[PDB]
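Before any comments, here is the structure.
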Amino acid sequence: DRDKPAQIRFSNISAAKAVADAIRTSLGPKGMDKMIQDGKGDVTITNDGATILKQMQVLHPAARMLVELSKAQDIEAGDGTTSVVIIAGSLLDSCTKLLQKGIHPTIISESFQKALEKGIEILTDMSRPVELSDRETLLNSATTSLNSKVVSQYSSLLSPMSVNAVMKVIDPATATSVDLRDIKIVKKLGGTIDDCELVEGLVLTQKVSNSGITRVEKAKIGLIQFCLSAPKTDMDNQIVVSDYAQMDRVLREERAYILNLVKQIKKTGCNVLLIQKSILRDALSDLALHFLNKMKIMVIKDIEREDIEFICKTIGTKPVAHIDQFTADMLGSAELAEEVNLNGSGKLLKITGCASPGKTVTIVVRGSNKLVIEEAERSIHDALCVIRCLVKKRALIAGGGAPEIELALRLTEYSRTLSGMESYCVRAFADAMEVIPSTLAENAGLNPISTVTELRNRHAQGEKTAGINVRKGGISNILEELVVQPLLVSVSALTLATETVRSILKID
Amino acid sequence: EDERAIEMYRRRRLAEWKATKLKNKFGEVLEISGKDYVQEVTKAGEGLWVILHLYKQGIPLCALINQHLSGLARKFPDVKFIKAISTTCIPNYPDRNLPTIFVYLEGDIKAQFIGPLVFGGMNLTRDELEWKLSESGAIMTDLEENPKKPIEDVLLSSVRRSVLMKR
């Protein structure tokens, strides 16, 4: 029928509208302060839409579609996760009255497809290209990014990311293959922000042992996800709790069990080993450590799953679960060890293993303040995603809302010239396109109507004019107030927004 | 060297392991909801005098008594204690009543002190909450009696002094 589909469509429309306007007013550098309470006695102050949308949700599928759309846009480009939902909400608000006019979903879908094919072309023709081949092209593009980035009052001074990151993951130079797992990063407290440095090998940080001397080189340690604490006896006490009986018996059993194993493992070389965590293995042995002391011990314990996959990728040593499998796939080259707490804190070691020449790097961050671990961290993550997305687009566009109203004008002209049934639909699409610059003027605080009208007039004059300057609240070209972005962060956003609105409109 | 080196094994193993036989007594007070009360007449152990409570929120007196217990526990270690919330037990009784500690000597309740009046009404101090116990432990600070000497009525004692001093 029509009653049930219209009702479910209107309910989903209201849900999407509500979840949209919930975080609508936090887009741009002037997002306002908002406080939400979990209801477990805790309040938070933040101005970012992604985490706020992620923390809470209503048990309704319409919300789940927007959540997955936001997370897909986040993993895809890494920015503009709050404008995509705004465009989706505008398209929904338009198609409400569009279906009120009485249009079949097929017509609306194909008309939106044509309008998208037109607007993508308009956008690719509007943007200007840049070069990405050599070090100079990428370096000047990075300078343009960082001056168009968030205010760099600390990065321009400290720069634990301006050179360290971009240079130290330029090695696996093959295009569009740079995993995050390729750049595992360590941190540590103590020292100074002055230096964050480079080794082509993995770097581990935890206490090793206490023995005579441990700084040598040989074939790899040999990774074990082992357990070497005897199984706890099948009782809490023994048959008889006294001095005479049990000491005569179990002494030899244990001195054999905890010696024959290390005896066997001694068959392969390097006399050194690395172990996983100890959540199940209880009462770690010590006599074993004493024995390995006679047998040239140098060992690290309590290694982690994420690291247990990353190391097995770096150094090419297949794991081993238990003693009865030690044939091969348990070794690798190695060159040195024993890095110290040099001029600071956070003990770490510098195994520089060139066994697998497969590119790999790491990043280290010390500092005279734990707040260095807090302020320098994850900025490399972000700027690194920024240098990751540019490897394939090599094009960029200016901000300020100019492309929005430009596309709106071009699509209005298109609707005018494609006279027919689809003209009203593509026209409504053009109208819904231009919503952002008004919101930006509101975030800065002005009368948006006159400003957007003047800017639409100026883009009717030259089609490439000033944008929105947040510095003085005026209308100056982006070519002097450099706030630019790649083209994919917009192209992907528009195409996925059209895709999701079409898919949700087709379903009953 | 190796002998002395190795043979510290038995000096170390079975030595740290010599200390693996343990046993305990009790101290302080542990927060406990209703999930253990049911079998508690059988969970009592042997001779372990236990004490109870019952909680409400908003009563000036009910907060007080909850401090005196945890203090006393530091004095007497063998006994143990419990702090409980009345929502867990019978639903509409606890609202009109006041805290009633049902002492359990691994058996039937022995002293059930309901309602405010019987306590005294915030004239309580350690003394008025210890001699009223008189049943766990056998010390009681060797006080013969201490009722505050409930302040008297002036008429009755008049005829008494006449017939006893001039008899």
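Residues displayed in chain A correspond, in order, to Swiss-Prot positions 26-533.
Keep in mind that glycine also has a Cβ here, set from the backbone N, Cα and C atoms.
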Discussion item. Candidates are A:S184, A:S381; I want to know which one Swiss-Prot annotates as phosphoserine.
Written reply: A:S184
Discussion item. For the feature phosphoserine in Swiss-Prot, which residue out of A:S177, A:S404, A:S444, A:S528 does the record point to?
Written reply: A:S444
Practice prompt. With Swiss-Prot open, pick whichever of A:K143, A:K245, A:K302 is annotated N6-acetyllysine.
Written response: A:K302
Response to the item:
If one consults Swiss-Prot for phosphoserine across A:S36, A:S303, A:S448, A:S515, the residue flagged is A:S36
Response to the item:
If one consults Swiss-Prot for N6-acetyllysine across A:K122, A:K326, A:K384, the residue flagged is A:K326
Worksheet entry | Among A:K209, A:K288, A:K375, residue that the record in Swiss-Prot marks as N6-acetyllysine | A:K288
Practice prompt. Scan A:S166, A:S202, A:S254, A:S475 for the residue that Swiss-Prot records as phosphoserine.
Written response: A:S202
Worksheet item: Which one, from the recorded positions A:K174, A:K288, has the smallest tally of other C-beta atoms lying within 10 Å of its C-beta?
Response: A:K288
Discussion item. Highest Cβ count within 10 Å among the recorded positions A:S36, A:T106, A:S184: which residue is it?
Written reply: A:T106
Discussion item. Within 10 Å of its Cβ, which one of these recorded positions (A:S108, A:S202, A:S444) has the largest number of other Cβ atoms?
Written reply: A:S108
Worksheet entry | A:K302 (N6-acetyllysine): tally of other CB atoms within 10 A of its CB | 13
Practice prompt. Going by Cα-Cα distance, pick out whichever of the binding-site residues A:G105, A:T106, A:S173 is nearest to A:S36 (phosphoserine).
Written response: A:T106
Practice prompt. Please tell me which one of the binding-site residues listed here (A:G53, A:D104, A:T106, A:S173) sits closest to A:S184 (phosphoserine), measuring Cα to Cα?
Written response: A:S173
